[PDB]
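Indexing begins at 1, ligand by ligand and atom by atom, following the structure's order. Residue numbers count from 1 along this sequence.
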Amino acid sequence: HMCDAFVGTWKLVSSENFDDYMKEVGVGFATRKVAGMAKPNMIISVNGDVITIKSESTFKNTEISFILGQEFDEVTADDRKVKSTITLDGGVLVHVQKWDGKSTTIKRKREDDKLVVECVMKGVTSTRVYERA
Ligand SMILES: [C][C][C][C][C][C]SC1=NC([O])=N([C]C2=[C]N=[C][C]=[C]2)C([S])=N1
């Protein structure tokens with residue numbers, strides 16, 4: 001019952017600073033535009049120790065599966081090849097991506113009836129709020 005409050009199908013309801021976050025990450029113009037237009041559903045499931053997170057939109061359908069604390073290689077929606085580790089820290093799922101000497105952290109937390117995603121790259125934070133579908 002690790003992560004139960006995260007499990008489910010979630011729909012994006014608001015975004016702030018995502019274009020600026022993607023700029024800082026290095027996402028190019030055309031991908032930023034089409035990805036910033038995405039209205040993703042985030043689908044989170046658990047089977048034993050394996051957590052799966054899917055992001056589905058008209059831009060891309062992506063899926064990762066992982067065990068907490070155990071690094072994996074990921075291809076991101078914007079085609080970076082990154083090394084990822086996801087942990088649960090005080091109720092927050094913390095996802096760190098490392099590539100080309102850079103790092104970004106994506107945090108997922110439950111707040112009221114929302115799932116709030118905070119994406120940080122150097123000084124820039126984007127907040128992406130989801131509700132149950
Ligand atoms: C750069 C990226 C792009 C994307 C595109 C599509 S939409 C979406 N997806 C996803 O997954 N998410 C989570 C994350 C991850 N990573 C990073 C950040 C975040 C969100 S909130 N949204």
Side-chain angles (χ1 to χ4, degrees):
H1 300 219
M2 58 153 214
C3 293
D4 282 2
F6 296 105
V7 160
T9 304
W10 301 92
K11 60 179 182 236
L12 184 74
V13 300
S14 67
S15 186
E16 289 289 349
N17 306 308
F18 194 59
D19 188 69
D20 292 332
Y21 167 81
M22 285 191 289
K23 283 185 171 178
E24 211 65 28
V25 166
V27 184
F29 179 89
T31 299
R32 290 200 315 281
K33 298 294 118 175
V34 171
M37 277 289 299
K39 308 292 191 296
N41 297 140
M42 184 184 301
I43 309 95
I44 302 176
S45 62
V46 180
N47 180 328
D49 295 329
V50 182
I51 302 172
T52 301
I53 302 178
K54 298 179 162 170
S55 180
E56 295 189 352
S57 72
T58 59
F59 171 58
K60 212 77 71 174
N61 297 322
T62 73
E63 176 180 329
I64 61 173
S65 294
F66 58 90
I67 297 174
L68 296 170
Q70 303 193 2
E71 189 154 44
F72 57 98
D73 287 310
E74 178 179 8
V75 177
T76 68
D78 61 307
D79 291 317
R80 288 170 287 130
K81 298 185 208 299
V82 309
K83 278 243 177 353
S84 290
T85 310
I86 303 178
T87 60
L88 199 47
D89 161 41
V92 179
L93 278 167
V94 182
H95 179 181
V96 182
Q97 297 178 330
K98 300 304 189 183
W99 77 109
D100 294 344
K102 304 170 186 160
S103 187
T104 186
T105 298
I106 303 112
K107 291 183 178 180
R108 292 176 172 82
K109 63 185 67 163
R110 281 296 307 275
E111 289 190 19
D112 303 316
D113 290 316
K114 300 165 167 21
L115 188 164
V116 179
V117 185
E118 286 173 356
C119 307
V120 176
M121 176 64 183
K122 290 146 91 193
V124 176
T125 305
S126 171
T127 300
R128 306 267 289 177
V129 178
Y130 294 70
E131 286 187 6
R132 281 196 193 274

Give me the nearest non-hydrogen protein atom to [atom] as residue plus atom name, then the distance to 0.1 Å.
atom: atom 21 (S) of ligand 1; answer: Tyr130 OH, 3.2 Å
atom: atom 18 (C) of ligand 1; answer: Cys119 SG, 3.5 Å
atom: atom 2 (C) of ligand 1; answer: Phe18 CZ, 4.1 Å
atom: atom 14 (C) of ligand 1; answer: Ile106 CG2, 4.4 Å

Does even one non-hydrogen atom of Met121 get within less than 4.0 Å of ligand 1?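 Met121: no contact with ligand 1 (<4.0 Å).
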
Treating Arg110 as the side-chain partner and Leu115 as the backbone partner, does any N or O pair qualify as donor plus acceptor under 3.5 Å?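 Checked: no pair found.
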
Among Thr52, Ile51, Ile53, which residue satisfies the side chain to side chain contact (heavy atoms under 4.5 Å, CB included) criterion with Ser45?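 One option only clears the test, and that one is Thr52.
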
Geometry only, no angles: is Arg128 polar-contacting ligand 1 at N/O separations under 3.5 Å?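 Such a contact does occur with ligand 1.
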
Under 3.5 Å between any N/O of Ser55 and any N/O of ligand 1: does that happen in this structure?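 Yes, since at least one N or O of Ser55 sits under 3.5 Å from an N or O of ligand 1.
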
Interfacing atoms of ligand 1 (cut-off 4.0 Å, heavy-atom, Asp78):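 Within the 4.0 Å cut-off of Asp78, ligand 1 contributes 1 (C).
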
Closest approach of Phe18 to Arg128 (non-hydrogen atoms, all atoms of both residues):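 Closest pair (atom of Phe18, atom of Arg128, distance): CD2-NH1, 3.4 Å.
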
Angle between ring planes, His95 versus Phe72, binned at 30° and 60°: parallel, tilted or perpendicular?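 Taking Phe72 first and then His95, their aromatic rings sit tilted (interplane angle of 30° to 60°).
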
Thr76 and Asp78: side chain donor to acceptor below 3.5 Å: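 Present: a donor and an acceptor within the cut-off.
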
Any side-chain donor paired with an acceptor under 3.5 Å for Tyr21 and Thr104?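 A donor-acceptor contact under 3.5 Å links the two side chains.
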
Hey, is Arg108 touching ligand 1 through its side chain, its backbone, both or neither, going by heavy atoms under 4.0 Å?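 The part of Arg108 near ligand 1 is the side chain, not the backbone.
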
Does only the side chain of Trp10 get under 4.0 Å from ligand 1, or the backbone, or both, or neither? Count heavy atoms.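 The answer is neither.
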
Establish, yes or no, whether the cationic atom of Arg108 lies under 6.0 Å from the six-membered ring centre of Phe6 and within 45° of the ring axis.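 Cation-pi check for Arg108 and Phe6: fails.
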
